[PDB]
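Below: the structure, in structure tokens.
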Amino acid sequence: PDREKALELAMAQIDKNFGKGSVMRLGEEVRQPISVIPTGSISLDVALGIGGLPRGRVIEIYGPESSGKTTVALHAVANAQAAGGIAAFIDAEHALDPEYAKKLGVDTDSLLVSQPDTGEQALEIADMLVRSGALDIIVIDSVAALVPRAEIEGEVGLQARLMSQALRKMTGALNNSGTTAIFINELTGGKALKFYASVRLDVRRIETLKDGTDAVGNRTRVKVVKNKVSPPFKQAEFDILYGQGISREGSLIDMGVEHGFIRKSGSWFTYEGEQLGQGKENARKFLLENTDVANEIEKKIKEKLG
Numbered sequence: 006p007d008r009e010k011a012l013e014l015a016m017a018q019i020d021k022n023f024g025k026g027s028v029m030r031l032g033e034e035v036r037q038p039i040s041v042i043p044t045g046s047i048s049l050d051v052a053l054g055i056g057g058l059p060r061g062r063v064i065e066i067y068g069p070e071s072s073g074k075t076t077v078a079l080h081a082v083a084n085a086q087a088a089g090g091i092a093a094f095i096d097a098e099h100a101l102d103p104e105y106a107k108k109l110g111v112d113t114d115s116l117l118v119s120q121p122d123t124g125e126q127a128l129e130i131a132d133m134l135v136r137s138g139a140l141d142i143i144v145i146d147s148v149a150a151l152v153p154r155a156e157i158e159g160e166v167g168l169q170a171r172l173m174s175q176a177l178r179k180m181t182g183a184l185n186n187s188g189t190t191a192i193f194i195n196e197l212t213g214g215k216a217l218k219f220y221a222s223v224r225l226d227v228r229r230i231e232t233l234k235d236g237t238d239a240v241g242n243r244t245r246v247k248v249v250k251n252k253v254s255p256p257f258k259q260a261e262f263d264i265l266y267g268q269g270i271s272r273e274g275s276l277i278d279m280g281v282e283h284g285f286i287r288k289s290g291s292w293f294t295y296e297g298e299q300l301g302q303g304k305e306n307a308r309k310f311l312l313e314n315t316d317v318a319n320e321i322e323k324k325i326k327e328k329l330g
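Residues 6 to 160, 166 to 197, 212 to 330 in UniProt numbering are what the sequence shown lists, from first letter to last.
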């Protein structure tokens, strides 16, 4: 009754009995099904193992304030739209800035936005919008802001329920609607979202890009703490330039040197015989111009991996 043999027979029993990956091997490189919305971060993408946020799944992006949580979520919308998909933003914070959005790739004009008047109404007009099966991705800003109906008109019935119910019903809908749903949490009802999510992302702001100038934006670190599609606990870091978004080119360098495709002789980045610049900000400014080059590097990492 060989263990390695026994183990597999058993294990496989649980996927059948409970799900795709109710039991994984942190090592497993398993990759199939896919159907993913790129997050716009080559680094975060591999981190998720399937190269993107699984479609038809409930996803939670949490973190503190000024973490870049909405930027990631917005980047998602951008790509989902860029491939002829319809997106819906259920606003309850009223913080959205379409200028930043549009400068990320979002087609704001053709973006469905809604500002519910209550936690219930939010989760209603959101489950309803999902059932139409017309949507690809929908993002709800601030689990927090989804305050119950009472607790609004003075009149207990914590949101815990509001979330649980709305999730119970809505998880199946998009489950077979192929519409991925992003929930943005900020550090209640999250006690359920945690269990309903198939992927939970922890975003924190690590360091700050500077350069003797006012310094633009910061270095973000995302730790995928819950993943039911690939093995969990992987992490990624990427740069968010103030008023510009997630630096693609930058991610290609960090990734490039990491996979040997690029080198750093005296802080002097170079791609196989042809040097790019001294320092990072200079190395990204280079890739920001000539795209074919960068294209190759991207076209080179997308091979070393899925």
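Ideal Cβ positions, reconstructed from N, Cα and C, are used throughout, including at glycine.
Cβ-Cβ separation between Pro59 and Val82: approximately 16 Å, too far for a contact (criterion under 8 Å).
The beta-bridge partner set that DSSP reports for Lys247 consists of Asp226 and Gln259. Annotation for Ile143: the continuous beta strand (DSSP E) segment containing it runs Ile142 to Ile145.
Around the C-beta of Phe23, fewer than 16 other C-beta atoms lie within 10 Å, and the residue is accordingly described as exposed. Per the Cβ contact rule, the region 125-133 is not in contact with the region 43-50 (fewer than 3 Cβ pairs under 8 Å). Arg136 and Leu184 have their alpha carbons spaced roughly 7 Å apart.
A Cβ-Cβ distance of about 17 Å is found for the pair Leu79 and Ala260, leaving them out of contact under the 8 Å criterion. Excluding residues up to 5 positions away in sequence, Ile47, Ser48 and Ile325 lie with their Cβ nearer than 7 Å to the Cβ of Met279 in the same chain. Taking all protein chains shown into account, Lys328 has fewer than 16 neighbouring C-beta atoms within 10 Å of its C-beta and is therefore exposed.
Rounded to the nearest angstrom, the Cβ distance from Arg228 to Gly32 is 26 Å, too far for a contact under 8 Å.
It is roughly 7 Å from the alpha-carbon of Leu53 to the alpha-carbon of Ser254.
CA-CA distance, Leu14 to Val246, rounds to 35 Å. Excluding five sequence positions before and after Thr212, the CB atoms of its chain that fall closer than 8 Å to its own CB belong to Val148, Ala149, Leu168, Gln169, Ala170 and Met173, given in chain order. Contact between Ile142 and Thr189 holds: their C-beta atoms lie close to 7 Å from each other, under 8 Å. Judged by DSSP secondary structure, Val82 falls within the alpha helix (DSSP H) whose first and last residues are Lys74 to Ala87. Taking the C-beta atoms as reference points, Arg30 is found no nearer than 8 Å to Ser222. Taking the Cα of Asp263 as reference, the smallest distance to any Cα among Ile55, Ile286, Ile130 and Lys74 is reached at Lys74.
Contact between the region 265-284 and the region 301-308 is present, with at least three C-beta pairs closer than 8 Å. Listed in chain order, the non-local C-beta contacts of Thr76 below 6 Å within the same chain comprise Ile264, local neighbours out to five positions each way being set aside. For the pair of segments examined, the region 279-294 was found not to touch the region 94-105: the number of CB pairs separated by less than 8 Å stays below three.
Between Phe193 and the set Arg8, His283, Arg154 and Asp132, the nearest pair of CA atoms involves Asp132. If you draw a 10 Å sphere on the C-beta of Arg308, you find 16 or more other C-beta atoms in it, and that means buried. Beta-bridge partners assigned by DSSP to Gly182: none are found. Burial is judged here by how many other beta carbons sit within 10 angstroms of a residue's own beta carbon; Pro103 has fewer than 16 and is exposed. Sorting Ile55, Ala17 and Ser119 by C-alpha distance to the C-alpha of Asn251 places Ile55 at the top.
Excluding its 5 nearest sequence neighbours in each direction, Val166 has C-beta neighbours in its own chain below 7 Å: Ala155, listed in chain order.
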